[PDB]
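Given next are the chains, with one letter for each unit.
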Amino acid sequence: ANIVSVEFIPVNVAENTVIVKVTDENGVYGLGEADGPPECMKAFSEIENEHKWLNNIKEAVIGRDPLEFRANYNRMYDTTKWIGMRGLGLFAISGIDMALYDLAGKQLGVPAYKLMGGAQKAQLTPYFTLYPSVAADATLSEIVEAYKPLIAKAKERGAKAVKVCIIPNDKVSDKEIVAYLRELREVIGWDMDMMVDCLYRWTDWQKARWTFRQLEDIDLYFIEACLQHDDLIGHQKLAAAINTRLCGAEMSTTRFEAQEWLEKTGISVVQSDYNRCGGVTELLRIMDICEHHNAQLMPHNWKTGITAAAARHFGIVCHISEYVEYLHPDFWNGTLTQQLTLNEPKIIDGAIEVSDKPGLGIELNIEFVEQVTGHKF
Amino acid sequence: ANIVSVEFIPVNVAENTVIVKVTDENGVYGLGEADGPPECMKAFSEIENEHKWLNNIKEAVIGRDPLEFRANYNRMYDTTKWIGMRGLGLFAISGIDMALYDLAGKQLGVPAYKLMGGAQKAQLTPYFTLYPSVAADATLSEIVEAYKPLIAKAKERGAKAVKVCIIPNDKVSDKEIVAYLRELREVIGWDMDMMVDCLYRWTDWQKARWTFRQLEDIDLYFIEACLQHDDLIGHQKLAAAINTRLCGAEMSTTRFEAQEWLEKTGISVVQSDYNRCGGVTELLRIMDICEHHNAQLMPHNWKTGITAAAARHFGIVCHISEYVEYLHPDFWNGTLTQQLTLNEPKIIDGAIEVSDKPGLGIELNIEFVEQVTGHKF
Amino acid sequence: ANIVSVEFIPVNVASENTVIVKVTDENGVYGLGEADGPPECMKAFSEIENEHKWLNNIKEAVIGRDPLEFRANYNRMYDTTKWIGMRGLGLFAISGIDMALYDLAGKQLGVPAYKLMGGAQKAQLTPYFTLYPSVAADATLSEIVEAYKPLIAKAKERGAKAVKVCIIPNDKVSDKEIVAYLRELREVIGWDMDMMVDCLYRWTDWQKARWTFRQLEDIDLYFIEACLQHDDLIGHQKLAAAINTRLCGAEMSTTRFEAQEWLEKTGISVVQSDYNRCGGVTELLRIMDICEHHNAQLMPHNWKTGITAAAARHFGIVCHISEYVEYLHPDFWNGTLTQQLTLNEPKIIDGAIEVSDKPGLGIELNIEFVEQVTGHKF
Amino acid sequence: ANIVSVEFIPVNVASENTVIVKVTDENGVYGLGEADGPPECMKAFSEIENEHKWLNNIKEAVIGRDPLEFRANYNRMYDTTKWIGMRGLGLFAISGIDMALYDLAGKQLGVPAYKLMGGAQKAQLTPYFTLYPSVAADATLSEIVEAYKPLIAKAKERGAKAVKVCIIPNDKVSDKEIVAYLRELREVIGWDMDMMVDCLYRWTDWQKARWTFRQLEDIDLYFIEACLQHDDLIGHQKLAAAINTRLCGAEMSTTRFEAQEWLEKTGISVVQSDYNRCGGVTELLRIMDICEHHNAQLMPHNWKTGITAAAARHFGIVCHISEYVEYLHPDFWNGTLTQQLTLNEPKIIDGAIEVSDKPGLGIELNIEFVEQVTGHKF
Ligand SMILES: [Mg+2]
Ligand SMILES: [Mg+2]
Ligand SMILES: [Mg+2]
């Protein structure tokens, strides 16, 4: 069955995503999501054709067989080059590409990981991103108290690894950041890996160098979003100077950017996002490039149960990576995280099951969607 | 006076553009234009704030002094990193940045070129892009026949240089393209510089190499858009193999990409667009990098009279460049080209005057604008 | 209104000297800057006769021009003086005029100069304050420490975030004694301020420098300045790669071409191209962009007059890549020009210095002091 | 005997000027040099007051010293003036003095300066002769060629092996017209003399130069000089790799540090650092060694006075890596200083010029002329 329609469905809650729904001639549909401001992303998908490199993105897949992942990706990418190629246009390709793996999977009656090359590990072991709910201008001390229940729950579930964050705070010194992360290591203990997301705190690599030299003894597994995203040279200098993994490419799009990060900086973990960088088809190309560089691919993953299902299948395929980033409802109370999808797999001993349900295995809360979009489904 | 509003105005002729209009406290306003699908760019400019790196672009400049180009550019760029940084999001920055030069110029009563560093050549001598009006499926000979009147008109105006194109056409062999371009040299003669826009015909650099080897005797000034935009390695091998200027970066955004092209390919002409790449503030930064590499900067210029005014002011500052690209109403009958702006400078002996009217010296055709938008300006 | 005259005004107090550069437009509004160099010789430089295409009097590149046009005017000064300029002392003269054109254009338009430099990009200006003590030759290191104490105390009192101390050149003293000297100063300074060190070109062998600053890792220097000879790019690159903090360079250089070579070849983390030497504010802006790409900081060397202090305040507030810039403040130095040439110097308040929206550079010149030392009316 | 005084003597004729540097020893024996730059300014530079460690009066590094000690004396001059020297105009001043010391030391010991430069390493000095036509501004390319004819005929009559011709700076004329002009000049020169071209910094875009010199491949230029802007090292390297002859550079540079950066980055095949700019003979000799490593030639810019001509004769006989050196000969130029400042200039004989073994530089100064134009007694 060939593709008949593509729909970008904004989901705004008073917290937002764009559901990408791709339907075939039999009425079977695949789901995915695209990053970006939802009404803007919808307008992007409904533009009128202009010339050879500026076409409505949908027209590159209407009438096509969703199995043909490379052909469809290249077609979307080529016909929209003038408004795409990098950035927001790639978000929209990502969403459709994700929905194509779900659709083709449901058409064939096979789980998406099979269409991604096949399971290459016995188990999926994520690292769990812990972000605490606190007030603006909450102090470092209050943030640590808020982290306690989250960290306690990760232990209770047997998590192998957790990431904590530095909430952006320019009223606080790097020496106070050092004490803050030393404290968090104490609370986490030494039976889980500890990653830090710096959330772009630093601009001077030598100031980051000072900090993470102080912290060598808390044995960080990786340091993420340390310096500004454009500053490749600062990254390469920092990575050569520290004694663990530096991450990068969180906000990037395409294998081309991923590859430049790898070539230029020596980051050991690449974070190109499922719903930003061009999607699963492009992530698979980035995996093969990561492998040559002996780098891990842990795609940024902080959206909805739709992306979580894409991470489950890609995760069981991505043999080069010990962990992938995971947003689990046990640790986050966002309305979409709790309500958009149903029957989210439980964390058992630090692992989550990847079911062999056809496609991405997504159980959408259709009634919740119809409720909030006000439009029927 | 501080900026009070920013409006993105779709102009769509039933040919399109987005007019960006930025108004200060005294009701004085500046005009720029942004590339991209017009309704989609509007939606972009009207998004809601979500977080540190995802804010409504307008909010980075409302309440700010438009004189402060670097600060305003940086704030726009920084507060929109999550959806900008490259691609569509940078178009929206460009339009505003363009407007800001127009506005800051009217506020102070000085032409924009003075705020861009000051005039550094006696005269602006552009190269004129000539695209023929022909039926799709036109033969190469019919295209040449449509070129003859255009080229004769350019000679009549004293044009120092012209660019001709290869209309995308996969039913025609490279051997036929060679004959086609030889015939165009005969028609142009040996008193004007001849540039060629390949419109991304080639994928294999060796096939391009064959073509431009046969053509060494027609003495092309540059070859533009010869290979696929992502293929830096193909460009670098081609530029080293040929005996003139290779261009690139026509579709690229930011100085980071322009600099990557220069470093890796050794292209001799950078073509970052006024209304795509970040705008005039970024182009000035690209200009400095080009100077280091002894490359020329000839920004892609194919929109409206609004961008034309930008090219005039930028052209007169850009001392590293013998020419800049220019779409002149003498050579193109597109509606926006003919009607959106009033009192376009005439081509006199190959030159176009840059006036010292305040700002960009844009005379908007407001009647026309109200006629097509359905709303009062 | 166009520029009508340029004047280089030597100022020598009977060593305390500068060259004041005054650029005056058609309405009699003027802009002030200052040039580095031997004052009477800089004056002769500005008064030379024309000779050929790349050897012209420097004033003639700007007389009759709009001071708003920074790039065009800079480029015209640089090109028409290439034969005697390009690098070095010729560049001091361009720096002085460039500085004054920011002050003049700002005065013409009624705006502070930082607006003409792109606009403010930090909430506050937080310099590091250079502390040089007043002592005899053959002051032992112990006496230099004593002399430092009241200076370091005053910076603490003003809430300084950072201070730089110096190794007065002394070849009767071992590196072992230098290590103790610096350990002492860190003790006196405390751990609530960043500590920078100016080596004043003590070392020639990078391996000897390497030994010294390996011992000093525990005092946590923020940067190490003027460590090796200024020409020795290879020694700097080897030292930078060996140590564990920032190495500085380019203090004596002129032009973005030299700055960029330093960056490429050595990996210095802090570039010290001087306001009144390297080409001026227009050239420092180009250098800033180049530093940005290399993730280096730009902290222009600043040890002249309150005329340069003003340029540092405005450039400081625009230079977002740099956490600090070098600052000479009257609280810490008792030189006659520092104390008397300008009035009403902004006070240090919680380590910060106010950059006002006073037009141009916001310079308050002591007219009667200048008139008295020069001997001619202003 | 030790040096007792150093004097910088402006010679400004009513562009026709130079600065004569005269260094006198305890017995009243003197050496002569000259320094580039505006004469009254170079005098002020030489007469400045000491200020600090890297800022001293240049004369004070050599007064009381033995003139035989070229490296020590150069290094001293260079180190004690770094703050205002290092690159550019300050290096001119060093150059003039360095030159004078070769003359003085040679007169002291009764040897020709070439011996103090390591000894003669070629049988003959065969210069290339720079031919510059006396024409009006507004001269057409045709009128320029017509003024070139009697010059070029003169060179042939002298048996010259090589001449350089120039592109007078002319933005009204196209490269296609420059191509015709240079082809016409090769017809006039013929095929028995090497032909060099001075582009006088016409080009800014290397790809435009590339176009021009590709057309001219069949006139077989020996070298192409000053083709692109002096700072633009990357355009030079690209142009050097594209053409099929020698590209020159570094005409305006100072020090071995720049000459070495040109050679490393660009692959120029001829270095042109100037006797009276770059540092002098002592620095030229160091540049010679770096040229040898790179298999580049060293042909120092030589368009000054007979004083520099004598240095070029002495250096030229030592500089075995170079087939030719640049020479301004009075047969080909009517400049007042060229004709009058010095006496008994060596004649051109079958394209060669004698290097005498008169002591030092073998300069015969026209004292009367010099006393006439300075007003002072010599
Ligand atoms: Mg094009
Ligand atoms: Mg210092
Ligand atoms: Mg020359």
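Residues numbered from 1 in each chain as written, not as in the entry; some residues may be left out. Chains lettered and ligands numbered in written order. Part of a larger assembly, values for the part shown. Heavy atoms only, no water. Residues with missing side-chain atoms left out of burial classes, pairs and counts.

Per the PDB record, this model was obtained through X-ray crystallography at a reported resolution of 2.10 Å.

Visitor: Just checking my understanding: could you explain the relation of the copies chain D and chain C for this structure?
Guide: Aligned on chain C, chain D shows an RMSD of 0.2 Å; the corresponding rotation is 180° and the shift along the axis is 0.0 Å. The symmetry that links the two subunits is that of a two-fold axis. When the interface residues of chain D are mapped onto chain C, 100% of them again fall at the interface, so both copies present the same face. (Least-squares fit on C-alpha atoms. Contact = heavy atoms within 4.5 Å.)

Visitor: When you look at the interface of chain C and chain A in this model, what are you seeing that I'm missing?
Guide: Interface size, as often reported, equals the accessible area lost upon joining of the parts. The partner chain A presents 13 residues to the 13 residues of chain C that form the contact. Summed over both partners, the interface of chain C with chain A comes to about 1100 Å²; 31% of that surface belongs to carbon and sulfur atoms. Considering only the surface of chain C that becomes buried against chain A, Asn-244, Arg-246 and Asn-295 of chain C emerge as the three largest contributors, covering 44% of it. Taken together, the links from chain C to chain A amount to 2 salt bridges. Put simply, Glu-323 of chain C and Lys-207 of chain A hold a salt bridge, and the shortest N to O gap is 2.5 Å. The interface formed by chain C and chain A contains 7 residue pairs in polar contact. Per element, the largest residue contribution to the side of chain C that touches chain A is 3 residues, and it comes from helix α10 (residues 281-294) of chain C. A per-class count over the side of chain C that touches chain A returns 2 nonpolar, 7 polar and 4 charged. (Buried area = accessible area lost by both parts, 1.4 Å probe. Salt bridge = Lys/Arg side-chain N within 4 Å of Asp/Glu carboxyl O. Polar contact = N/O pair within 3.5 Å; in protein donor to acceptor, adjacent residues only side chain to side chain. Helix = DSSP H or I, 4+ residues; strand = E, 2+ residues; numbered from the N terminus. Nonpolar A, V, L, I, M, F, W, Y, C, P; charged D, E, K, R; others polar.)

Visitor: Before we go on, may I ask you to explain the pairing of strand β2 (residues 16-24) of chain B in this structure?
Guide: It is a general feature of regular strands that their side chains alternate between the two faces of the sheet. Residues and elements named next belong to chain B. Counting buried positions along β2 gives 9 out of 9 residues, so the element sits mostly inside the fold. A two-sided burial pattern is seen for β2, the buried positions comprising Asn-16, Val-18, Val-20, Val-22 and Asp-24 on one face and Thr-17, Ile-19, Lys-21 and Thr-23 on the other. Examined bridge by bridge, strand β1 (residues 3-12) and β2 share 9 bridges and lie antiparallel to one another. Within the sheet, the bridge partner assigned to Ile-3 lies in β2 and is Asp-24. Pairing between β2 and strand β3 (residues 29-34): 6 bridges, direction antiparallel. Bridge pairing in β3 links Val-22 to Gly-30. The turn linking β2 back onto β3 is made up of 4 residues, and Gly-27 within it adopts a positive phi angle of 85°. (Buried < 20%, exposed > 50% of the residue type's maximum accessible area, 1.4 Å probe, protein only. Pairing = 2+ DSSP bridges.)

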